[PDB]
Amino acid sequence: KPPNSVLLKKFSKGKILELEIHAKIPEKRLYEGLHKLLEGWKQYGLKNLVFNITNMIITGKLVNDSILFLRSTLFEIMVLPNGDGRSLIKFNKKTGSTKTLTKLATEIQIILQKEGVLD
């Protein structure tokens, strides 16, 4: 596994959120659960989901509430190693709303907390 600074090269140009989510499970297990979780949230406004399993990246789109003046929030989520037995999630905002992306981060964190996997 290359260092996290190398792994982060896989993000597109954007703004990496300061909020991170740290888990007590290996990155492969964190990603697998995330993939399953977010696939299930497509009907709730998660658009164009692409699961880059290779790089443990999820890409997708959130939208504002206007049908006339759209504001896409295009995002990338990456899962990275965080020491033996541990991993973390980083959020990259390509475009759009920091508030909207942070909301999604908070919702993921709720589910991880419930599952007892947070670090």
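Note that residue numbering begins at 1 and tracks the sequence as displayed.
Participant: Would you determine, from the values in the PDB entry, which of 25 to 33 and 66 to 74 has the greater average C-alpha temperature factor?
Facilitator: Per the PDB entry, the higher value belongs to 66 to 74.
Participant: Please work out which of 76 to 84 and 41 to 49 has the higher mean CA B-factor as recorded in the PDB entry.
Facilitator: The deposited B-factors put 41 to 49 ahead on the C-alpha mean.
Participant: Taking the C-alpha B-factors as the PDB entry records them, is residue 18 in the lowest, middle or highest third of its chain?
Facilitator: CA B-factor rank for residue 18: highest third.
Participant: Considering only modelled residues of the same chain, in which third does the CA B-factor of residue 97 rank: lowest, middle or highest?
Facilitator: Middle third, going by the recorded CA B-factors of the chain.
Participant: Residue 7's Cα B-factor: lowest, middle or highest third of the chain?
Facilitator: Lowest third, going by the recorded CA B-factors of the chain.
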